[PDB]
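# A closer look at the structure
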Amino acid sequence: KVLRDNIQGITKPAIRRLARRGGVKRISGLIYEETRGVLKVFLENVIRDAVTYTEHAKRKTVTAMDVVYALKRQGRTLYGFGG
Amino acid sequence: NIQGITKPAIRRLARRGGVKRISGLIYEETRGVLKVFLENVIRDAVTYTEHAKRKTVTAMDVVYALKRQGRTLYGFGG
Amino acid sequence: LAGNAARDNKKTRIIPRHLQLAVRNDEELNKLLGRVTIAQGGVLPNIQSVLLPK
Amino acid sequence: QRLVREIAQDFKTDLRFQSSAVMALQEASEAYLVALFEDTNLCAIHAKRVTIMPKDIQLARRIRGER
Amino acid sequence: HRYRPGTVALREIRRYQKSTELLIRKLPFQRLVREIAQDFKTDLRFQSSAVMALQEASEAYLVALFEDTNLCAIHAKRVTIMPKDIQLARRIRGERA
DNA sequence: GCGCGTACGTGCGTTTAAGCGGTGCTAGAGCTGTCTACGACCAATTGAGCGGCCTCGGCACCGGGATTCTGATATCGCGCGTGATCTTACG
DNA sequence: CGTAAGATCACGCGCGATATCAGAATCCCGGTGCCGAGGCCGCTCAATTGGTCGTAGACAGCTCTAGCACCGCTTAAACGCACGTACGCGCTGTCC
């Protein structure tokens, strides 16, 4: 089944909640689309790297270890899922 | 010693950075940042030298020090 | 690209400044050399608008 | 999960995912975004404002060395 | 006559941005380096090349920092970089706490 | 600092797809047994890159001349304000 | 005839753009020197080949487990509107 416009699944309340966890008090209206763009960029990069590792591995399924390797590549190391 | 970084020199650097108007307290703040940066880099470079059992700090040691700090430098036998 | 730049600057031998210009001006090379400072490289000419005279 | 699946799809078709992989992706994404918002709020404050505005995000990403 | 305040700065920006020669005179910088180095170990020697590399790195880093600072001050509707600008820049960079 | 326009918060109302559970199908991930291709190494061979030493010139320097650029000033232009002349109304 | 209000022309003053000088900037060009660039010659020292061994890797096949899909159910979450109020934008005075 085709996937489309899933970026808008990142609803306004969720972005607001995040910004709350970021220490933000008052949110400008345009912030939401810019945040969507930023998230899309970041996800594209990480998923490109993870898919690359998976391809080299000759696997049809992405494993958490792939994600962790990708993130560590981006200087954004993550604890809590192995490695 | 540290003050030897003359205010106009800081101005020249900033100009090359694209700054047009500079404040007074800037100069000293820049001096401090430079001192810290040098401290870190020279610390690492010495560490490298010491492990080499040399009394003379080499360029290569500077290069590895900068590379550690994620500030890679070119033009000194990288 | 560096030779291109050197031709633009009307020089016969490539000097660092040419390399810096080629690298920074190009998008992909600049991204590749994201954490590299080139000796005798300088910066690309760039002045912010609001600083410009009215 | 749907957004991630779409993004991967466009990078390569017919991929499947370990749930744990999706969870790790989401954790890293939320952490990145929270830090980004912190820096945005810092920029907003430096601009004598209280409402974060898109240009604040761009400044934060410029200074971060992101593109 | 007189140049209006704020013009000679633009000329100098054009001037310095076109060249690559170092902007800090060597000897004071070198003496600063030796002073700083002394506090980690006594009786130390430096290859002139090493000092030149140190100066290259330091000046390049400072220029980048000032670029960011000017960006901040512009965002603050200002035209004069001020300490708080450098602090904000370094903070966002992650260098300062 | 003052004033004006307004973006959006709370709250309410309504609407909906987000999670649990329940079943069912199954893809490729994972672990044994076969079989085979190849990289380290020794001898022995051969030849290429590094350095020394010659040679030569692209460019800095000097000096001079020629071409451009802000800062100041003044004129043309436009718009606003006042008095003279023509018009209309009332007495 | 005589006074008062309104329109239009003449004249005067205020704000803005654009012709002029003038000191500083910038470029171009004649003539010279140089240290770096470049090529040639020796020499080590490195790259290649005959041929051997265990080793890594490939392949094939047996086991199956989490991956996926759908249905029903439940409800926290998502979206639209009144409004007014703090927030943002813009003008202005001061003097650092």
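Residues numbered from 1 in each chain as written, not as in the entry; some residues may be left out. Chains lettered and ligands numbered in written order. Part of a larger assembly, values for the part shown. Heavy atoms only, no water.

The record lists cryo-EM as the method behind this PDB entry and 2.9 Å as its resolution.

## What about the arrangement of the chains?
Considering every one of the six pairs of chains in contact, the largest contact total is recorded for chains B and E. Nowhere do chain A and chain B come into contact; their C-alpha atoms are at least 11 Å apart. Structurally, chain A and chain C remain out of contact, their C-alpha atoms never closer than 13 Å. (Contact = heavy atoms within 4.5 Å.)

## Examining the protein's contact with DNA strand G
Residues in contact with DNA strand G, as listed here, are A:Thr11, A:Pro13, A:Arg17, A:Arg26, C:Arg13, D:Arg5, D:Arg16, D:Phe17, D:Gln18, D:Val50, D:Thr51 and E:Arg11. Of all DNA strand G atoms lying within 4 Å of any protein atom, the proportion belonging to sugar or phosphate reaches 100%. Between a phosphate oxygen of DNA strand G and a side-chain N or O atom of A:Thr11, the distance comes to 2.9 Å. D:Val50 is positioned with one of its backbone polar atoms (N or O) 3.4 Å from a phosphate oxygen of DNA strand G. Listing elements by their share of the surface near DNA strand G, those giving two or more residues are α1 (12-21) of chain A together with β1 (16-17) of chain D. Looking at the surface near DNA strand G residue by residue, the classes come out as three nonpolar, three polar and six charged. (Near = heavy atom within 4 Å. Polar contact = N/O pair within 3.5 Å; in protein donor to acceptor, adjacent residues only side chain to side chain. Helix = DSSP H or I, 4+ residues; strand = E, 2+ residues; numbered from the N terminus. Nonpolar A, V, L, I, M, F, W, Y, C, P; charged D, E, K, R; others polar.)

## Details of helix α2 (residues 16-25) of chain C
Within α2(C), seven of the 10 residues are buried, which leaves it mostly tucked inside the rest of the structure. Buried residues in α2(C) make contact with α1 (2-8), α3 (27-32) and β1 (36-38) of chain C together with α1 (8-18) of chain E. (Buried < 20%, exposed > 50% of the residue type's maximum accessible area, 1.4 Å probe, protein only.)

## Quick word on the protein's contact with DNA strand F
Close contacts around DNA strand F come from 14 residues, with A:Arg16, A:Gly29, C:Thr12, D:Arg2 and E:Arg4 the closest. Protein-proximal atoms of DNA strand F, defined as those within 4 Å of the protein, fall in sugar or phosphate at a share of 100%. Between DNA strand F and A:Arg16 there is a distance of 2.8 Å, counted from a phosphate oxygen to a side-chain nitrogen or oxygen. Contact distances for DNA strand F include 3.1 Å between a phosphate oxygen and a side-chain N or O atom of A:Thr61.

## What about the interface of chain C and chain B?
Counting residues at the interface gives seven residues for chain C and nine residues for chain B. Across the chain C/chain B interface, buried area totals approximately 770 Å², and carbon plus sulfur atoms make up 61% of it. Remark: the boundary between chain C and chain B carries five residue pairs in polar contact. Class assignment of the residues belonging to the side of chain C that touches chain B gives a composition of five nonpolar, one polar and one charged. (Buried area = accessible area lost by both parts, 1.4 Å probe.)

## Examining the packing of helix α2 (residues 31-57) of chain A against helix α3 (residues 54-63) of chain D
Relative to each other, α2(A) and α3(D) sit at 30°, their axes nearing to 9 Å. Considered as vectors, α2(A) and α3(D) are oriented roughly parallel to each other. Of the residues in α3(D), those in contact with A:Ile31, A:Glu34, A:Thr35 and A:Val38 of α2(A) are D:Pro54, D:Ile57, D:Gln58 and D:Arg61. Broken down by class, the residue content of the contact of α2(A) with α3(D) amounts to four nonpolar, two polar and two charged. (Axes fitted to C-alpha atoms, helices over the stretch in contact; angles between N-to-C directions. Parallel < 35°, antiparallel > 145°, perpendicular 65-115°, else oblique.)

## Section: the UniProt feature "domain: Core Histone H2A/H2B/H3" (unreviewed entry) in chain E
What UniProt calls "domain: Core Histone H2A/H2B/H3" (unreviewed entry) maps, in this numbering, to residues 5-92 of chain E. With 70% helix and 5% strand, the stretch residues 5-92 of chain E has end C-alpha atoms that lie 32 Å from each other. (UniProt positions renumbered as here; feature names shortened; annotations may be inferred.)

## Concerning unusual backbone geometry
The phi dihedral of D:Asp14 is positive, around 70°, even though this residue is not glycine. Its place among the elements puts D:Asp14 in the loop between α1 (2-11) and β1. The phi dihedral of E:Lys77 is positive, around 55°, even though this residue is not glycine. Judged by relative accessible area, which is 73%, E:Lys77 ranks as exposed.

## Some words on the nonpolar core
Counting 57 residues, the largest nonpolar core has B:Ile42 and E:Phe66 as its most contacted members. Contributing elements (two or more residues each) for this core: α1 (7-17), α2 (24-52) and α3 (59-68) of chain B, α3 of chain D together with α2 (26-38), α3 (48-75) and α4 (83-93) of chain E. With 11 residues, the single largest contributor to this core is α3(E). With residues up to four places along the chain from it excluded, the contact list for E:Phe66 reads B:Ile10, B:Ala14, B:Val19, B:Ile26, B:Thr30, E:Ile81 and E:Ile86. Grouped together as the second largest cluster of nonpolar side chains are 41 residues, A:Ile31, D:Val4, D:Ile7 and D:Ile57 included. (Core = buried A, V, L, I, M, F, W, Y, C linked by side-chain atoms within 4.5 Å.)

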